[PDB]
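First comes the structure, then the notes that go with it.
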Amino acid sequence: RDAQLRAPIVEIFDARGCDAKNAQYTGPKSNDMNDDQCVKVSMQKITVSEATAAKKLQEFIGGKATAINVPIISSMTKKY
Amino acid sequence: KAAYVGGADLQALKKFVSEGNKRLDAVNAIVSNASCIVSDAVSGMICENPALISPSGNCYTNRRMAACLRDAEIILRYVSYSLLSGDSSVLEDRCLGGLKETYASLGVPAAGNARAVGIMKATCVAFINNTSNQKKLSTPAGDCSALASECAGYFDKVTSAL
Amino acid sequence: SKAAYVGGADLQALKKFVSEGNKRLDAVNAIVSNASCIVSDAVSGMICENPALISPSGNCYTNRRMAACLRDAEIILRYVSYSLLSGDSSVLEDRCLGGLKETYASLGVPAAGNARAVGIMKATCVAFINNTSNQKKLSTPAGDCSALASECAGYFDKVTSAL
Amino acid sequence: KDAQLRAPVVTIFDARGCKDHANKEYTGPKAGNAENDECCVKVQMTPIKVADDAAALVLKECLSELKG
Ligand SMILES: */C=C/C1=C(C)C(=O)N/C1=C\c1[nH]c(/C=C2\N=C(C[C@H]3NC(=O)C(C(*)=C)=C3C)C(C)=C2CCC(=O)O)c(CCC(=O)O)c1C
Ligand SMILES: */C=C/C1=C(C)C(=O)N/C1=C\c1[nH]c(/C=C2\N=C(C[C@H]3NC(=O)C(C(*)=C)=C3C)C(C)=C2CCC(=O)O)c(CCC(=O)O)c1C
Ligand SMILES: *[C@@H](C)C1=C(C)C(=O)N/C1=C\c1[nH]c(/C=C2N=C(/C=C3\NC(=O)C(CC)=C3C)C(C)=C\2CCC(=O)O)c(CCC(=O)O)c1C
Ligand SMILES: *[C@@H](C)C1=C(C)C(=O)N/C1=C\c1[nH]c(/C=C2N=C(/C=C3\NC(=O)C(CC)=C3C)C(C)=C\2CCC(=O)O)c(CCC(=O)O)c1C
Ligand SMILES: *[C@@H](C)[C@H]1/C(=C/c2[nH]c(/C=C3N=C(/C=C4\NC(=O)C(CC)=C4C)C(C)=C\3CCC(=O)O)c(CCC(=O)O)c2C)NC(=O)[C@@H]1C
Ligand SMILES: *[C@@H](C)[C@H]1/C(=C/c2[nH]c(/C=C3N=C(/C=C4\NC(=O)C(CC)=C4C)C(C)=C\3CCC(=O)O)c(CCC(=O)O)c2C)NC(=O)[C@@H]1C
Ligand SMILES: *[C@H](C)[C@H]1/C(=C/c2[nH]c(/C=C3N=C(/C=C4\NC(=O)C(CC)=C4C)C(C)=C\3CCC(=O)O)c(CCC(=O)O)c2C)NC(=O)[C@@H]1C
Ligand SMILES: *[C@H](C)[C@H]1/C(=C/c2[nH]c(/C=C3N=C(/C=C4\NC(=O)C(CC)=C4C)C(C)=C\3CCC(=O)O)c(CCC(=O)O)c2C)NC(=O)[C@@H]1C
């Protein structure tokens, strides 16, 4: 359980070839490609607004359409 | 409040987990597709059982749907962190501890979570192995089946628990 | 603002008024039911190809600007979906595109970025319509929707031209 | 231009075989066949909005995929 409904936000920065400098990492240099690479992790509250939820319902309600090339499991009858 | 692992610390981290660079690619394949992974899972759960958005169903109303979309994202993110860490301890404690009981008390249906989590698992495995329709991230071509299976194992812990 | 429901006799009539009505409805279903991804993938593709767009001087910097761009991309997608429902682009060309280039010029919304977001949505919609998946992994009866895909492509080309 | 930033939101219901939703929203006459009497299109001009949470999540995806 987590009372605040926080989850780990993991961010992956492969900044090889990225000409913008970032220096949030404060530890020692590796003197190789890892100086242009960073993983960021933080614990953040996860939230979804009812407005977003309403938009998702409108996407989901047709009950037939899918992503491209995925299994079809739709049914027209109550399962549970 | 955030931790930054770059330079020497990242060089070290890559040696403390198996297949460090591939593992970071695999994590990337999850986190850069987070919104659609959550969407497919809740959408598919619903198209298989449309009663979930009938007036008596557990995703009826924007409040209930928003909670389900939120919970799916939470579960997905603890899985992504397990894959980064090569360790499921935080997932098992912080995320899954007390969750089955919680859902039992609320009436959040186990068959619905079984299906949603199952779809997230398939979708993540496909992104990691690059069998999905979209292959937007750039990696050297190779065999990531071990990391994909490790990821699937973390989802299987979720399913088992619920 | 009022919702319209078209079923029964009225839907049968609509299918006499537009070409390939059933296929058309399938195409629209695919686009609308995947709209959030179509939009997010286009806007995030525009950005991943040109990361300056979310640097502090970039036009998508901050949630407010990102939200406005996602919204506008959705607006454009929806007027295209409606064009595909209707069989023509008149509403798209008037309500959506009329004055839009000038609006964007007054706000400083970048033409190159818009061309790319629209271009990605185009490719995505064309691919949903010309989906070559096996029947087992296809929600509609398998067949040839190339005419409708080309029609859809044409509507996006009108957006690209206007902007 | 649309001052209210509305766009047409279309929903497509192929509800052939659905027994549990009463088909009452469509108020016109019947066709006499399932392909039309158990199918419906909904169209509504709607103010298009994107909430902070949706934009924030897209930004998180972007930040982990920027091309060098
Ligand atoms: C996140 C969006 C996706 C992009 C972009 C992309 O390239 N692929 C994407 C999604 C994706 N989905 C799956 C697997 C499944 N999706 C569903 C739900 C879907 N099926 C339905 O019948 C309905 C309702 C009409 C849906 C919304 C299901 C059931 C699956 C398969 C789950 C399983 O096998 O257990 C994948 C993985 C495809 C694969 O496994 O080969 C991707 C990549
Ligand atoms: C998200 C909706 C989709 C579902 C569900 C699905 O199954 N496929 C979906 C989307 C889709 N996208 C494309 C094409 C492109 N998407 C991007 C953006 C992507 N690429 C990047 O480099 C980054 C940033 C790292 C992204 C976020 C791009 C650039 C394209 C190609 C556009 C072009 O061709 O010019 C398609 C089309 C695939 C096809 O043509 O067959 C789909 C279906
Ligand atoms: C190259 C892709 C690029 C161009 C060109 C451009 O205009 N902007 C670009 C990248 C970019 N990066 C970020 C945000 C972060 N980059 C990070 C990477 C590192 N941090 C470090 O300390 C190190 C050395 C080990 C890295 C390789 C991190 C951690 C980012 C997040 C910081 C945060 O927590 O906010 C952005 C977002 C805008 C910004 O914050 O600068 C952009 C556009
Ligand atoms: C069968 C798929 C099903 C089960 C089982 C279940 O529990 N719920 C099911 C379907 C379902 N439908 C809807 C909403 C709408 N269905 C519509 C279809 C038609 N309406 C008509 O008048 C006709 C005749 C031409 C149709 C084919 C429409 C238009 C719906 C939207 C209503 C609206 O805009 O509010 C839902 C959502 C919950 C509900 O309204 O019952 C569900 C779960
Ligand atoms: C399955 C996961 C997919 C796959 C992966 C794959 N990746 C590599 C090699 C590398 N990947 C990276 C990526 C990163 N390192 C970082 O520090 C960061 C940011 C935090 C990232 C994103 C790196 C640096 C490498 C090394 C090669 C290079 O110099 O770029 C391989 C090659 C084998 C290996 O172990 O190195 C593979 C196979 N490949 C696929 O086909 C899957 C889709
Ligand atoms: C390209 C668009 C994709 C494709 C489509 C395709 N669809 C059909 C056949 C049918 N589609 C429907 C769908 C509806 N009719 C409705 O009234 C509604 C709700 C408003 C929907 C969703 C119907 C009724 C048919 C007729 C056959 C049937 O009943 O199953 C075809 C077959 C050819 C035709 O025109 O009938 C095709 C090709 N197929 C693809 O492969 C593309 C991905
Ligand atoms: C979505 C796939 C399914 C679904 C979900 C659903 N969940 C709730 C409500 C809650 N969910 C939680 C979950 C957690 N607590 C934790 O500590 C953690 C780990 C960090 C998690 C994931 C909690 C605490 C609640 C109650 C409090 C809250 O909602 O904020 C609901 C709402 C239930 C209600 O009626 O209020 C729903 C709908 N529903 C489904 O049908 C899917 C199977
Ligand atoms: C996203 C791909 C691009 C982008 C978008 C962006 N748009 C705005 C602001 C506005 N957009 C409109 C658009 C319309 N007016 C109309 O009448 C119609 C047809 C119905 C449309 C689509 C308007 C009126 C505005 C101003 C009002 C408002 O934004 O609420 C912004 C700026 C938002 C801001 O200034 O805070 C942005 C960023 N930006 C990009 O970089 C992409 C190329």
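In listed order, ligands and their atoms are each counted from 1. Side chains included, hydrogens not; waters and symmetry mates left out as well; all remaining heavy atoms used. In what follows, every chain begins at residue 1, and chains take the letters A, B, ... in the order their sequences are listed.
Side-chain contact of C:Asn29 with C:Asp26: a donor-acceptor pair under 3.5 Å is absent, judged by distance alone. In summary, the side chains of A:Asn22 and A:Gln24 do present a donor paired with an acceptor at a separation below 3.5 Å, with no hydrogens or angles considered. Side chain to side chain, C:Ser36 and A:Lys55 fail the donor-acceptor criterion of an N or O pair below 3.5 Å. A donor and an acceptor atom, one from each side chain of B:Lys14 and A:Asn34, are located under 3.5 Å apart. A donor-acceptor contact under 3.5 angstrom links the side chains of A:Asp32 and B:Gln11, judged on distance only. Between the side chains of B:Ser82 and B:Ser85, not a single donor N or O lies within less than 3.5 Å of an accepting N or O. Residues D:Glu35 and C:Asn22 bring a donor and an acceptor atom of their side chains to less than 3.5 Å of each other. No side-chain donor from either of B:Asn49 and A:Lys78 sits under 3.5 Å from a side-chain acceptor of the other. Between the side chains of C:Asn63 and D:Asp52, at least one donor N or O lies within less than 3.5 Å of an accepting N or O. Between the side chains of C:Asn131 and C:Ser133, at least one donor-acceptor pair of N or O atoms lies under 3.5 Å. Looking at D:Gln44 and D:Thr46, their side chains never bring a donor and an acceptor atom within 3.5 Å of each other.
Contact analysis puts A:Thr66 in contact with ligand 1, with a non-hydrogen atom separation below 4.0 angstrom. Heavy atoms of A:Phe60 stay at 4.0 angstrom or farther from ligand 1.
Atoms of ligand 1 found under 4.0 Å from any heavy atom of B:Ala126, numbered from 1 in the order shown, are 37 (C), 43 (C). Of all atoms in ligand 1, listed by their number and element, those nearer than 4.0 Å to a heavy atom of B:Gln134 are 5 (C), 7 (O). Within ligand 4, the atoms closer than 4.0 Å to a non-hydrogen atom of D:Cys39 are 25 (C), 27 (C), numbered from 1 in the order shown. Taking every non-hydrogen atom of D:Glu38 and a distance limit under 4.0 Å, the qualifying atoms of ligand 4 come out as 27 (C). Residue A:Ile61 approaches ligand 4 through these ligand atoms, each under 4.0 Å from one of its heavy atoms: 37 (C). Within ligand 1, the atoms closer than 4.0 Å to a non-hydrogen atom of B:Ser43 are 27 (C), numbered from 1 in the order shown. Every atom of ligand 4 with a heavy atom of D:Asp37 under 4.0 Å away is listed here by number and element: 24 (C), 25 (C). In the vicinity of D:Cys18, heavy-atom distances shorter than 4.0 Å reach the ligand 4 atoms 1 (C), 2 (C), 3 (C), 4 (C), 9 (C), 10 (C). For ligand 1, the atoms lying closer than 4.0 Å to a non-hydrogen atom of B:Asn133 are 7 (O). Taking every non-hydrogen atom of A:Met76 and a distance limit under 4.0 Å, the qualifying atoms of ligand 4 come out as 1 (C), 2 (C), 5 (C). Residue contact check: B:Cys36 has heavy atoms under 4.0 Å from atoms 1 (C), 2 (C), 3 (C) of ligand 1. In the vicinity of A:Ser74, heavy-atom distances shorter than 4.0 Å reach the ligand 1 atoms 22 (O), 25 (C). Near A:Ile72, meaning under 4.0 Å from any of its heavy atoms, are these atoms of ligand 1: 22 (O).
Between B:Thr131 and ligand 1, no N or O atom pair is found at a separation short of 3.5 Å. Of the polar atoms of A:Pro71, at least one N or O is found under 3.5 Å from an N or O of ligand 1, judged by distance alone. For a threshold of 3.5 Å applied to N or O pairs, the pair formed by D:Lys42 and ligand 4 contains at least one separation below that value. Of the N or O atoms in D:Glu25, one or more lie within a sub-3.5 Å distance of an N or O in ligand 4. Checked against a 3.5 angstrom limit, the closest N/O atoms of B:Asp40 and ligand 1 fall inside it. Close N/O approach between D:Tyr26 and ligand 4 is found [any backbone or side-chain N/O within under 3.5 Å].
Given atom 36 (C) of ligand 1, the protein heavy atom at minimum distance is B:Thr123 OG1, 3.6 Å. Ranking protein heavy atoms by distance to atom 9 (C) of ligand 1, first place goes to A:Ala67 CB, 4.0 Å. Protein heavy atom in closest approach to atom 38 (C) of ligand 1: A:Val70 CG1, 4.1 Å. When hydrogens are left out, the protein atom nearest atom 43 (C) of ligand 1 is B:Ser132 CB, 3.5 Å; that is the closest non-hydrogen contact. Taking atom 26 (C) of ligand 1 as the reference point, the nearest protein heavy-atom neighbour is B:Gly44 CA, 3.6 Å. Considering only non-hydrogen protein atoms, atom 8 (N) of ligand 1 sits nearest to B:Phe127 CZ, 4.1 Å.
How far NZ of B:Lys121 is from CG of B:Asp156: 3.5 Å, rounded to the nearest 0.5 Å. Between the NZ atom of D:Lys49 and the OG1 atom of A:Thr52 there is a distance of 13.0 Å, given to the nearest 0.5 Å.
For B:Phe127, the CZ atom sits in a packed shell: over 12 heavy atoms of surrounding residues, nucleotides or ligands are nearer than 6.0 Å.
Checked by atom type and distance alone, the side chain of C:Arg24 pairs as donor or acceptor with a backbone atom of C:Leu84 at under 3.5 Å. A donor-acceptor distance shorter than 3.5 angstrom exists from the side chain of D:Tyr26 to the backbone of C:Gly7, with no hydrogens or angles considered.
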May I have a table of the N/O to N/O pairs between ligand 3 and the protein that fall below 3.5 Å, each row giving the two atom names and the distance to 0.1 Å?
unit_1	atom_1	unit_2	atom_2	d
ligand 3	12 (N)	A:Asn22	ND2	3.4
ligand 3	16 (N)	A:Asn22	ND2	3.3
ligand 3	20 (N)	A:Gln24	OE1	2.9
ligand 3	22 (O)	A:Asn22	O	3.3
ligand 3	22 (O)	A:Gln24	N	3.0
ligand 3	22 (O)	A:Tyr25	N	2.9
ligand 3	34 (O)	A:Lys40	NZ	2.8
ligand 3	34 (O)	B:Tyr4	OH	2.8

Worked check of side-chain contact (heavy atoms from CB on, under 4.5 Å) between A:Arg16 and A:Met33: CA-CA 7 Å; A:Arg16 296 176 287 173; A:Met33 70 165 65; 3.9 Å; yes
Working for salt bridge (charged side-chain N to carboxylate O under 4.0 Å, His left out), residues C:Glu49 and C:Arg116: CA-CA 9 Å; C:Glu49 297 185 353; C:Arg116 187 52 170 156; 2.9 Å; yes
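Only the side chain of D:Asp20 comes within contact range of ligand 4, with a heavy atom under 4.0 Å; no backbone atom does.
Here the closest heavy-atom approach between residue A:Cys38 and residue B:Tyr4 is recorded as SG-CB, 4.0 Å.
Of the options C:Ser36, C:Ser40, B:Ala122, the smallest heavy-atom separation from atom 32 (C) of ligand 1 is shown by B:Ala122. Looking at C:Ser139, B:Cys47, C:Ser33, it is B:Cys47 that brings a heavy atom closest to atom 24 (C) of ligand 1. The residue from B:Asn129, B:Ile46, A:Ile73, B:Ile37 that puts a heavy atom closest to atom 22 (O) of ligand 1 is A:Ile73.
A salt bridge is defined here as a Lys NZ or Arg NE, NH1 or NH2 lying under 4.0 Å from an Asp or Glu carboxylate O, and D:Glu65 with B:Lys136 meets this definition. Electrostatic pairing of A:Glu59 and A:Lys56 counts as a salt bridge here, judged by a charged N lying under 4.0 Å from a carboxylate O.
Applying the salt bridge (charged side-chain N to carboxylate O under 4.0 Å, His left out) rule to C:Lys23 yields the partners C:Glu20; only residues at least two apart in sequence or on another chain are considered.
Atom 12 (N) of ligand 1 is flagged as protein-proximal [any protein heavy atom, distance under 4.0 Å].
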